[PDB]
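To start, the structure itself, in structure tokens.
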Amino acid sequence: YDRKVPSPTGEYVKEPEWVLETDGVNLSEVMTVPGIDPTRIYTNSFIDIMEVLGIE
Amino acid sequence: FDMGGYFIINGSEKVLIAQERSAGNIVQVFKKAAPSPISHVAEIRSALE
Amino acid sequence: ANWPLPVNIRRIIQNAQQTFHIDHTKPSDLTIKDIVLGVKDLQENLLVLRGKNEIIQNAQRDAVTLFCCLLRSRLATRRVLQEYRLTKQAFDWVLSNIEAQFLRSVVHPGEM
Amino acid sequence: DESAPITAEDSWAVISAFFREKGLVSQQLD
Amino acid sequence: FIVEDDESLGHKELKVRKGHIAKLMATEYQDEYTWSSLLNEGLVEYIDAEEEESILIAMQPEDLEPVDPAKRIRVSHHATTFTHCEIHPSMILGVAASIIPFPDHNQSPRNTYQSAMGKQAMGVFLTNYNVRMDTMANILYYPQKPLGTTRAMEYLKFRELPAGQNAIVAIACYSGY
Amino acid sequence: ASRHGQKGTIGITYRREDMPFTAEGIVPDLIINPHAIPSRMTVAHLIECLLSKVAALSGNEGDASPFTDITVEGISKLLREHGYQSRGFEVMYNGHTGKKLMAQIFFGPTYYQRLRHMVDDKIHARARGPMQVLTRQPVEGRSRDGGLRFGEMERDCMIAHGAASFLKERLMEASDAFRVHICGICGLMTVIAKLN
Amino acid sequence: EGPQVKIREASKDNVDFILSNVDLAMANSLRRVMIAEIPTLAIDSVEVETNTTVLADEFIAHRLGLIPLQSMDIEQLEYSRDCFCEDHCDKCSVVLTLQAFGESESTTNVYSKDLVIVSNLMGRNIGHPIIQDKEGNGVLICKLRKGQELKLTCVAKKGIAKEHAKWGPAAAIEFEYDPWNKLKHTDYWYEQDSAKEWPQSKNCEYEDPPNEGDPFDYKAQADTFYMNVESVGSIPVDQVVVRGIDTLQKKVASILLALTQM
Amino acid sequence: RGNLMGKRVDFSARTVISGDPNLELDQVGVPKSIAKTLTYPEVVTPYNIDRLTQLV
Amino acid sequence: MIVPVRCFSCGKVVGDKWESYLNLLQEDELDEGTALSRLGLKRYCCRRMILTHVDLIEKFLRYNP
Amino acid sequence: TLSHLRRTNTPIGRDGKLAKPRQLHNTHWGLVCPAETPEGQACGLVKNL
Amino acid sequence: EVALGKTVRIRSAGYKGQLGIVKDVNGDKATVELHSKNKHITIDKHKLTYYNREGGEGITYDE
Amino acid sequence: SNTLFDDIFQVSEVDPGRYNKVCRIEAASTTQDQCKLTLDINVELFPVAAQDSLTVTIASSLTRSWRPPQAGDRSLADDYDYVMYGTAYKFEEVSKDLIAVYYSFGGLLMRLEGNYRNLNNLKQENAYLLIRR
Amino acid sequence: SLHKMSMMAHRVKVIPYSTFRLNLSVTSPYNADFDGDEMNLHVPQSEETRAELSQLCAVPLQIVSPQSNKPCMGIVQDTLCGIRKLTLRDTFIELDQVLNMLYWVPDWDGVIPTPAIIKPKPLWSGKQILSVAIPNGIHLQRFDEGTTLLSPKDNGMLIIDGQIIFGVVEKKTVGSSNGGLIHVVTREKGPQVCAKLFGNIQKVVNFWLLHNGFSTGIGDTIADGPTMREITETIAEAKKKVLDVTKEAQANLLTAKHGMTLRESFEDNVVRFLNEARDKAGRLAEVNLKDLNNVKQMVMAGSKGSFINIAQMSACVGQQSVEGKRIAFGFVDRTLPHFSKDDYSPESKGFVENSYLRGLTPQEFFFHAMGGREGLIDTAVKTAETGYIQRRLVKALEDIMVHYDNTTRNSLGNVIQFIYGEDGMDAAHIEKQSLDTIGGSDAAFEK
Amino acid sequence: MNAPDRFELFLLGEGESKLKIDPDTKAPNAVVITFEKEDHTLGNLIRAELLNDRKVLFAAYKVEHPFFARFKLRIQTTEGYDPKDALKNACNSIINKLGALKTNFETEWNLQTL
RNA sequence: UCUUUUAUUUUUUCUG
Ligand SMILES: [Mg+2]
Ligand SMILES: [Zn+2]
Ligand SMILES: [Zn+2]
Ligand SMILES: [Zn+2]
């Protein structure tokens with residue numbers, strides 16, 4: 001997937017990104033795996049996101 | 001031109017509509033859902049002519 | 001960059017220019033101090049929550065944050081002088097009607 | 001000639017034979 | 001139709017032939033040879049959904065057994081083991097769907113809507129409407145048969161008892177109404 | 001409705017005088033919007049119109065079975081030989097001012113059907129006719145002189161709109177209004193109120 | 001002189017001509033008043049004594065109304081609404097009696113000739129049913145069994161086609177102009193070549209063909225109106241055109257009279 | 001649900017609709033019969049006494 | 001039922017020519033197009049008006065009443 | 001008339017719900033009209049020969 | 001009144017020659033249902049002609 | 001109420017551009033090297049050819065309801081063939097010296113690129129463009 | 001009544017006929033046809049209620065929608081096609097028709113606009129004649145694909161002072177759009193003036209279309225000979241490439257796509273090729289169609305029809321999908337009785353080689369019937385599911401209301417949103433806008 | 001059930017006039033004239049005649065609605081030249097020119113022998 | 001000097 005990221009010049013530019021999709025919902029153990037960015041992890045389901053990442 | 005094939009009850013023309021149904025004397029297997037313990041259930045609607 | 005927002009600064013500027021027949025050759029009587037005071041005064045007059053206390057003032061600044069950024073971006077001094085050529089009266093009319101259209105765009109209480 | 005191949009236009013004659021000798025409500029009557 | 005070899009001279013051919021067609025015609029214009037006779041001599045076979053499993057059916061009496069750009073593209077014959085042949089593929093349509101001109105040339109739900117609307121189309125249900133006493137009957141003043149007739153209508157009696165009228169249509173937007 | 005799914009109600013009844021006419025004196029019996037045909041994907045209607053025009057020009061009865069050798073090209077050639085524009089178009093004139101229409105109108109006979117849905121049977125207004133006895137409300141249905149049912153959807157759209165006085169006057173004054181007496185202590189509609 | 005007329009051919013029921021030195025507005029308005037607003041005689045009311053036939057007598061009355069009637073002296077006839085009488089009179093109405101009793105075992109066709117006038121025409125050639133078939137029978141009206149009876153009276157009064165198409169004296173009226181598209185008043189739809197894919201109208205032989213080299217004649221105006229009037233039979237095709245012009249003149253004169261009175 | 005959330009109404013009509021480009025945006029044509037059927041009760045005033053006299 | 005006395009599209013009289021059309025189709029043994037042309041219907045509106053008619057009075061009459 | 005006489009009815013509940021029998025299965029060819037049907041709650045269940 | 005439920009004809013109006021049946025009278029004007037069309041129309045009685053049950057001799061509003 | 005601009009342009013290219021009654025003409029002035037023109041003219045009434053010299057002027061004259069000529073001997077700029085009315089809508093500057101004035105003659109678009117000599121041309125509704133061969 | 005705009009108050013016009021005549025731009029919010037649809041009229045019984053209906057429930061007041069801050073009401077079918085025709089560059093109007101349309105405009109200013117052509121012939125451009133409908137003081141500016149101030153193809157639009165300068169008008173100008181002409185007029189001049197503009201534009205375009213004419217016929221669906229040959233070649237090479245992929249699949253030399261089995265991989269791959277072939281035939285047919293082509297003219301106007309519709313009518317109907325997949329094997333390993341089993345050819349499993357003009361084969365017709373019935377039953381289920389969902393949503397959010405604290409609260413008073421929409425701004429007054437700060441490089445930001 | 005009366009398409013109603021002039025404040029020397037119980041047959045004729053008349057500045061015609069047989073004609077002319085006189089002159093021109101058409105048709109029929 | 005009726009439910013059919 002392409003993502004708009006700032007450049008050193010300050011313009012948004014399209015960078016490629018290797019994003020791993022999944023056919024299953026188990027966020028608790030996945031988000032602690034080393035090597036991934038836990039900040040930007042997302043789930044199609046919302047009940048697990050509520051249950052682990054908070055009500056907001 | 002009227003081809004008949006209908007009843008007349010109290011002067012009202014009445015038509016019986018074919019009632020589709022599963023055929024008799026046939027064995028049919030169906031896969032069942034995961035929550036039920038049943039899986040691959042066979043059914044036969046045994047019937048005398 | 002494209003997002004929904006209440007009143008088009010670009011469109012009101014075009015209406016001002018057409019209404020006042022802005023002459024691009026003639027220099028503009030606007031002064032930078034006048035521009036900055038006008039923008040600040042309009043930003044203060046942009047009221048969607050009205051109540052005299054710290055919580056309501058924080059809520060009002062919070063509500064009008066994005067629109068404040070858009071106003072500063074559009075009616076910055078360089079944009080007002082170079083890209084636009086509005087006069088003092090034209091700038092005043094623009095500010096007054098921006099305030100008016102914001103105060104119309106406020107929710108009308110009782111909406112279901 | 002009698003054993004010549006049939007054609008699609010000739011199949012309409014067979015259809016007419018069907019419709020004459022059974023009809024549309026034939027299944028209900030039978 | 002039954003498709004067997006029945007011909008040492010060459011390839012497969014339908015059992016029915018021009019002689020049988022001529023005999024059927026002769027019986028037709030007489031009012032001996034009819035569908036009972038065809039069934040007895042096994043020229044035409046009754047086939048059900050289950051028996052359709054084991055038979056390969058030919059599209060047309062001559063197109064598959066052995067080019068104008070405007071003509072319909074039809075896939076060439078691939079198998080040489082047909083056992084039956086369609087009497088006419090137009091006979092898959094029902095009553096209301098046998099009234100549509102050129103059903104091939106329509107998007108299918110619009111054939112469905114016509115097949116539903118034919119039932120409520122006005123016309124001449126029976127010829128004894130004056131004798132009968134029906135709760136709700138509508139009779140067109142001037143029933144007219146379709147200019148774009150279909151050969152199924154000669155058997156469906158649509159020509160004899162039409163439901164509609166031929167009107168001169170101009171496909172245009174005149175006044176926006 | 002046509003024999004192709006093209007259904008519609010007459011918008012305006014224009015005269016032979018006002019309706020546009022081709023250059024053969026023939027004023028069409030009907031007009032449909034060309035916008036119908038692309039979205040509805042109904043080229044069968046246009047092909048039927050062409051076949052019917054050729055059928056009336058030839059005297060023959062145009063076969064239109066689902067799978068026949070007859071093709072649009074053949075129909076157009078027959079119409080061409082009969083002396084018309086090959087694709088069925090015809091230069092028409094403005095019946096209202098005699099100006100030749102800048103576009104060319106697809107003209108010809110086609111079969112249409114009259115359906116049972118008559119506006120005379122489907123029109124109705126209420127003037128405080130009979131009311132039900134169980135709920136004291138307008139009765140159901142046209143023939144017995146019933147009313148329109150301000151559905152949950154209708155109420156819901158009125159809530160969305162904000163016309164509270166209308167929603168009151170619709171659900172109280174129009175449908176059913178009853179005065180009932182109650183008392184402060186228990187607040188029940190079991191007050192023997194001899195208003196006389 | 002004003003507009004010029006040149007009749008190419010004439011007939012009892014068809015007259016084809018060319019109008020020159022005339023505005024397109026006039027060519028229409030003449031056609032319009034001709035196809036709509038010529039007074040004509042037609043059966044308005046139908047009194048059914050008895051009807052045992054299989055056709056609804058509504059349907060019968062509608063048919064009798066649509067039947068053409070001679071309207072030669074429609075001018076000498078006066079409108080029913082302006083006339084004063086008691087349910088009938090010769091000065092604004094014509095009474096026609098139709099009787100048809102089956103006698104033969106075979107079906108007894110009933111035709112327009114069976115309509116016999118019973119009112120006093122007072123010498124005005126009006127109300128005679130129009131006959132055009134070589135057999136002279138006229139328009140088929142109904143069909144009867146041996147035992148069927150159909151007796152009725154018809155009151156025909158003056159009117160114009162605006163009330164009802166039965167009063168329409170003219171059939172399909174032809175109006176064409178500028179067969180060649182020298183004025184480019186339409187853009188011919190085509191796929192390869194408009195000239196090849198459009199039929200050449202029979203009237204292009206009366207106009208010189210365009211020259212590709214020369215430019216568009218922007219001064220050009222619509223003229224040479226090729227008209228072809230056809231009459232159902234209620235009035236001869238001569239008086240179709242003549243009385244169309246007459247009632248257009250009368251309408252404009254009425255406008256002037258209203259203007260003067262105001 | 002049936003008799004209180006929504007419910008039948010007097011002073012109303014239903015019929016088939018038609019398109020009329022010769023009508024203003026905010027305006028709807030009404031059949032004459034429906035007009036003669038439905039009524040709106042207006043109180044008498046000195047401003048419209050003459051009008052209401054003509055209508056009665 | 002029976003032939004429209006006037007064509008719907010233009011109003012030319014066609015009712016009088018139903019018998020002549022039937023005779024040209026029966027005795028003269030000529031096709032419908034030539035029969036119509038000889039009858040004098042040149043416009044396809046009139047031609048289909050007479051061509052397309054289904055005679056149903058012939059069917060309603062021959063009931064007993 | 002003829003449509004009603006050749007009409008067929010399926011006893012599955014007419015109430016709106018996902019159902020395989022509401023589709024035009026391949027075996028319906030030539031035995032059931034693939035175009036004629038009611039539209040609405042009964043669509044796909046009612047069939048015409 | 002003797003004008004109620006009787007057969008009557010109109011003689012200067014757009015609906016001239018229309019038979020009809022008197023249904024209700026509101027004073028100074030009578031409502032009649034056209035015998036050729038499906039409509040009720042209101043028109044003054046003095047200007048209309050009344051007949052006996054059967055077609056024949058005609059009399060003005062003087063019965 | 002006088003002529004504001006007038007020069008001689010030799011048509012360099014003619015393009016229908018999917019239209020029949022209107023063509024886009026690209027021309028450059030014979031005298032001024034830096035002067036170019038890109039105007040849409042109605043060839044349906046004023047046929048044009050490539051490599052053809054046309055004289056074009058722009059005046060400000062010759063509210064205010066338009067009226068017919070009203071007289072056989074009416075006086076106006078009667079010595080040009082193809083006259084246009086439009087309204088300026090853009091005055092752009094390129095290369096610090098070239099000024100492009102855009103004109104719209106009821107949807108017919110022109111770009112007049114020139115120099116200070118067209119100072120007489122202003123942004124006003126009154127803009128008549130006259131052409132002759 | 002699925003949404004708020006599906007119930008509005010109109011002004012009665014007495015008219016003798018038995019149908020509710022309504023101005024035709026209003027059909028969009030009601031989602032109404034004239035194919036037998038029925039609508040209700042409710043008469044207010046009190047002056048209170050006529051007042052609230054007038055100033056809260058009025059067609060001019062619901063021009064702009066709270067759902068998507070765009071006009072729900074736009075100019076539609078014949079008006080939109082004819083307005084494109086009128087604003088075509090090559091469309092020129094005679095003095096007579098000009099003079100008429102100026103009178104057909106109700107609030108015409110009073111002065112005849114000066115024409116474009118005056119000497120060779122007094123002729124007014126269609127853009128000029130449409131300009132008089134738009135009230136003065138209406139700026140607008142859109143730049144579509146490759147639009148320059150000397151717009152080559154007449155794309156985009158630029159209106160200044162209620163005068164169209166360049167660009168044809170389509171749904172993107174006058175239909176329903178975020179920054180459309182309707183939206184700017186109703187926002188600046190107001191609801192009454194925008195309603196007048198709807199009226200004036202509709203009357204003018206209807207007059208012009210009545211006096212110009214517009215139609216459609218089979219010749220529009222017909223494509224040229226070379227085009228038809230090239231479409232046939234496209235379908236042929238699509239079949240050849242599908243057969244090549246099939247042979248690879250039988251050989252197992254195809255590599256299964258990650259996350260999908262071999263059947264599903266082959267199925268999705270072949271469906272992709274078939275859709276690509278159909279779409280390429282669509283572009284070829286569309287390119288071959290000329291501007292005179294009525295169906296292309298109508299699609300470009302955006303009134304009705306589409307690219308896919310032109311392709312299906314004239315080029316190729318294409319693959320028919322059942323349950324999101326191709327036609328299923330019905331009896332055993334076959335779709336219909338004519339196909340020897342396990343034959344994965346496009347014709348066998350649903351692909352249509354023939355346009356509607358050319359005509360489908362009987363097997364293709366049956367496959368299309370399957371697709372049609374599936375669409376119909378899916379619609380019949382979906383309408384009920386969505387109606388239940390909308391009922392549930394409105395019942396859940398029934399009592400929520402913006403009280404006078406500019407806060408969103410339920411009946412009990414619990415706060416759900418302290419400031420409605422996080423702005424306190426009404427939905428109908430919002431518009432799309434560009435933020436200049438967030439965009440632009442650092443150097444551009446500085447300059 | 002409530003279709004418009006056919007006779008009302010051409011007969012004047014009670015308390016109605018054939019012609020209704022009203023001057024317009026829109027532009028000087030301009031009137032709008034409503035013809036009752038008329039169609040475009042007279043409208044196009046009169047409009048074309050006013051356009052042919054060289055003194056008339058604006059002439060245009062209008063049907064508010066096809067339902068009502070009524071149509072409006074707006075004329076503005078030069079100062080001092082009454083639009084009423086313009087309409088009289090146009091109508092007189094139509095009378096004379098239709099009369100010439102009638103005379104030519106009558107004289108040129110008789111050349112025919114059928 | 002006005003008033004003055006149009007059962008109910010179970011089913012089916014189609015209409016948008
Ligand atoms: Mg609808
Ligand atoms: Zn108590
Ligand atoms: Zn009299
Ligand atoms: Zn005819």
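For the structure tokens, the naming scheme is as follows: chains receive sequential letters (A, B, ...) according to their order of presentation, residues are indexed from 1 within each chain, and ligands are indexed from 1 in presentation order.
Using only C-alpha atoms, the chain L residues found within 10 Å of chain G amount to residues 43, 44, 45, 46 and 47 of chain L.
Using only C-alpha atoms, one finds that the residues of chain F close to chain D, at 12 Å or less, are residues 63, 65, 67, 68 and 69 of chain F.
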Would you mind exporting N, CA and C atoms of the selected residues as a tab-separated table (two decimals), in the first residue's frame?
chain	number	residue	atom	x	y	z
F	63	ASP	N	-41.79	-11.99	-37.64
F	63	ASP	CA	-41.48	-12.95	-36.59
F	63	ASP	C	-40.44	-12.33	-35.66
F	65	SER	N	-39.28	-14.26	-32.68
F	65	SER	CA	-38.99	-15.30	-31.72
F	65	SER	C	-37.61	-15.07	-31.10
F	67	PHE	N	-34.81	-16.72	-30.84
F	67	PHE	CA	-33.61	-17.17	-31.55
F	67	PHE	C	-33.98	-17.45	-33.00
F	68	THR	N	-33.81	-16.43	-33.84
F	68	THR	CA	-34.15	-16.50	-35.25
F	68	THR	C	-33.06	-15.80	-36.05
F	69	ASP	N	-32.95	-16.17	-37.32
F	69	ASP	CA	-31.94	-15.57	-38.18
F	69	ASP	C	-32.14	-14.08	-38.37
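A distance search around ligand 2 (9 Å at most, only C-alpha atoms (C1' of nucleotides) and all ligand atoms) returns the following protein and nucleic acid residues: residues 182, 183, 184, 185, 186, 187, 188, 190 and 191 of chain F.
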Selection as a list in words: residues within 9 Å of ligand 1 by only C-alpha atoms (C1' of nucleotides) and all ligand atoms: residues 8 of chain F; 31, 32, 33, 34, 35, 36, 37 and 38 of chain M; 16 of chain O
Compile the contact shell of residue 48 (chain K) as a tab-separated table (two decimals) with N, CA, C and O atoms, in the first residue's frame: residues with an atom at most 10 Å away, counting only C-alpha atoms (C1' of nucleotides), same-chain residues fewer than 2 positions apart removed.
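Dumped to result.tsv:
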chain	number	residue	atom	x	y	z
K	8	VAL	N	-84.19	15.40	-17.34
K	8	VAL	CA	-84.11	16.81	-17.70
K	8	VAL	C	-82.99	17.01	-18.73
K	8	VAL	O	-82.03	16.24	-18.78
K	9	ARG	N	-83.12	18.06	-19.56
K	9	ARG	CA	-82.16	18.41	-20.60
K	9	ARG	C	-81.70	19.86	-20.46
K	9	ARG	O	-82.45	20.73	-20.01
K	10	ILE	N	-80.42	20.11	-20.86
K	10	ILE	CA	-79.80	21.43	-20.81
K	10	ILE	C	-79.85	22.06	-22.20
K	10	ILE	O	-79.80	21.35	-23.21
K	11	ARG	N	-79.94	23.40	-22.26
K	11	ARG	CA	-80.24	24.06	-23.54
K	11	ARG	C	-79.52	25.38	-23.82
K	11	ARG	O	-79.65	25.89	-24.94
K	12	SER	N	-78.76	25.96	-22.89
K	12	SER	CA	-77.64	26.80	-23.35
K	12	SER	C	-76.54	26.65	-22.31
K	12	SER	O	-76.55	27.29	-21.26
K	30	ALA	N	-79.98	23.36	-9.39
K	30	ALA	CA	-80.21	21.93	-9.30
K	30	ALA	C	-78.99	21.18	-9.82
K	30	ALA	O	-78.33	21.63	-10.77
K	43	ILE	N	-76.88	23.73	-12.19
K	43	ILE	CA	-77.46	24.66	-13.16
K	43	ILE	C	-78.88	24.98	-12.72
K	43	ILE	O	-79.58	24.14	-12.15
K	44	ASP	N	-79.31	26.21	-13.01
K	44	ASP	CA	-80.60	26.71	-12.53
K	44	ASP	C	-81.76	25.97	-13.19
K	44	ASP	O	-81.69	25.61	-14.37
K	45	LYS	N	-82.83	25.74	-12.42
K	45	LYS	CA	-83.93	24.91	-12.91
K	45	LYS	C	-84.83	25.64	-13.89
K	45	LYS	O	-85.34	25.02	-14.84
K	46	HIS	N	-85.07	26.95	-13.68
K	46	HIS	CA	-85.96	27.69	-14.57
K	46	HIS	C	-85.51	27.63	-16.01
K	46	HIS	O	-86.33	27.76	-16.92
K	50	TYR	N	-88.23	19.88	-18.38
K	50	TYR	CA	-88.57	18.64	-17.69
K	50	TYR	C	-89.51	17.81	-18.55
K	50	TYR	O	-90.37	18.36	-19.24
K	59	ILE	N	-91.92	19.84	-21.46
K	59	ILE	CA	-92.46	21.00	-20.77
K	59	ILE	C	-91.34	21.69	-20.00
K	59	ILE	O	-90.40	21.04	-19.53
K	60	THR	N	-91.44	23.00	-19.88
K	60	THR	CA	-90.47	23.78	-19.12
K	60	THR	C	-90.74	23.58	-17.63
K	60	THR	O	-91.56	22.75	-17.22
K	61	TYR	N	-90.05	24.35	-16.79
K	61	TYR	CA	-90.20	24.25	-15.34
K	61	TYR	C	-91.51	24.93	-14.95
K	61	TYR	O	-91.55	26.06	-14.46
Would you give me, as a short mmCIF file (atom, residue, chain, number, x, y, z; two decimals) with N, CA, C and O atoms, in the first residue's frame, the residues in region 18-172 of chain E that DSSP reads as strand (DSSP E)?
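Result file is part-v7.cif:
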data_model
loop_
_atom_site.label_atom_id
_atom_site.label_comp_id
_atom_site.auth_asym_id
_atom_site.auth_seq_id
_atom_site.Cartn_x
_atom_site.Cartn_y
_atom_site.Cartn_z
N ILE E 57 -27.44 -32.55 -24.96
CA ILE E 57 -28.51 -32.05 -25.82
C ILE E 57 -27.92 -31.07 -26.82
O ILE E 57 -27.15 -30.17 -26.45
N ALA E 58 -28.27 -31.24 -28.09
CA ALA E 58 -27.80 -30.36 -29.15
C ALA E 58 -28.62 -29.08 -29.19
O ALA E 58 -29.82 -29.08 -28.88
N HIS E 84 -29.70 -36.17 -27.62
CA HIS E 84 -30.96 -35.49 -27.87
C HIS E 84 -30.67 -34.15 -28.54
O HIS E 84 -29.52 -33.71 -28.62
N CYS E 85 -31.73 -33.51 -29.02
CA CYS E 85 -31.64 -32.18 -29.61
C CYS E 85 -32.86 -31.38 -29.19
O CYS E 85 -33.98 -31.90 -29.14
N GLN E 165 -52.65 -2.97 -28.02
CA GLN E 165 -52.89 -2.32 -29.30
C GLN E 165 -51.57 -1.85 -29.89
O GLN E 165 -50.61 -1.58 -29.16
N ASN E 166 -51.55 -1.75 -31.21
CA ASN E 166 -50.40 -1.22 -31.94
C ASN E 166 -50.56 0.29 -32.05
O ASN E 166 -51.51 0.77 -32.66
N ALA E 167 -49.62 1.03 -31.45
CA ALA E 167 -49.65 2.48 -31.43
C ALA E 167 -48.36 3.02 -32.03
O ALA E 167 -47.29 2.42 -31.88
N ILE E 168 -48.47 4.15 -32.72
CA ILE E 168 -47.31 4.76 -33.35
C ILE E 168 -46.56 5.54 -32.28
O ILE E 168 -47.08 6.52 -31.73
N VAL E 169 -45.34 5.10 -31.98
CA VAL E 169 -44.53 5.65 -30.90
C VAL E 169 -43.38 6.43 -31.51
O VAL E 169 -42.78 6.00 -32.51
N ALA E 170 -43.09 7.59 -30.92
CA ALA E 170 -41.94 8.42 -31.25
C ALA E 170 -41.09 8.55 -30.00
O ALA E 170 -41.53 9.15 -29.01
N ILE E 171 -39.88 8.00 -30.03
CA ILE E 171 -39.01 8.04 -28.87
C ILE E 171 -38.34 9.40 -28.85
O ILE E 171 -37.32 9.61 -29.51
#
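Near ligand 3, at distances of 8 Å or less and with only C-alpha atoms (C1' of nucleotides) and all ligand atoms counted, sit the residues residues 79, 80, 81, 82, 83, 84, 85, 86, 87, 88, 89, 90, 91, 92 and 93 of chain G.
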Surroundings of ligand 4 up to 10 Å, based on only C-alpha atoms (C1' of nucleotides) and all ligand atoms, as number ranges by chain: E: 168; F: 25-28; G: 171-172; I: 6-14, 41-50
List as an mmCIF file with C-alpha atoms, in the first residue's frame the protein and nucleic acid residues near residue 169 (chain G), meaning an atom at most 8 Å away when only C-alpha atoms (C1' of nucleotides) are counted, but skip any in the same chain fewer than 6 places from it.
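Writing done, so here's part-v1.cif:
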data_model
loop_
_atom_site.group_PDB
_atom_site.id
_atom_site.type_symbol
_atom_site.label_atom_id
_atom_site.label_comp_id
_atom_site.auth_asym_id
_atom_site.auth_seq_id
_atom_site.Cartn_x
_atom_site.Cartn_y
_atom_site.Cartn_z
ATOM 1 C CA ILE G 35 -56.652 20.234 -39.222
ATOM 2 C CA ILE G 38 -62.892 23.895 -39.745
ATOM 3 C CA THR G 40 -67.959 20.148 -39.716
ATOM 4 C CA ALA G 161 -62.255 19.044 -34.140
ATOM 5 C CA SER G 231 -59.831 14.780 -46.580
ATOM 6 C CA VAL G 232 -61.756 12.044 -44.797
ATOM 7 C CA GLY G 233 -64.739 12.895 -47.009
ATOM 8 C CA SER G 234 -66.926 15.157 -44.874
ATOM 9 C CA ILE G 235 -65.819 18.088 -47.061
ATOM 10 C CA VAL G 240 -60.643 22.058 -46.670
#
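The coordinates place CA of residue 10 (chain L) at 23.7 Å from CA of residue 60 (chain L).
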Selection: 12 Å around region 19-22 of chain L, only C-alpha atoms (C1' of nucleotides), excl. self and same-chain fewer than 5 positions, as a PyMOL selection string: (chain G and resi 184+187+216) or (chain L and resi 14+39-48+107-109) or (chain M and resi 88-92+125+152-154+290-292)
12 Å contact set for residue 58 (chain G), only C-alpha atoms (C1' of nucleotides), chain neighbours under 6 positions out, as a VMD selection string: (chain E and resid 141) or (chain G and resid 45 to 48 51 64 to 65) or (chain K and resid 35 to 37)
Keeping only C-alpha atoms, write the selected residues as a CSV table (one decimal), in the first residue's frame.
chain,number,residue,atom,x,y,z
E,141,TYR,CA,-62.7,-1.5,-27.7
G,45,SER,CA,-76.1,12.5,-29.7
G,46,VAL,CA,-77.5,8.9,-30.1
G,47,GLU,CA,-80.8,7.8,-28.7
G,48,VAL,CA,-81.1,4.0,-28.7
G,51,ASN,CA,-80.4,-2.8,-29.0
G,64,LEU,CA,-71.8,6.7,-35.1
G,65,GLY,CA,-70.1,9.9,-33.9
K,35,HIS,CA,-76.6,10.9,-19.1
K,36,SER,CA,-73.6,10.6,-21.5
K,37,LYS,CA,-70.7,11.4,-19.1
For residue 31 (chain K): contacts at 8 Å, only C-alpha atoms (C1' of nucleotides), fewer than 3 positions along chain excluded, given as a PyMOL selection string: chain K and resi 22-25+40-43
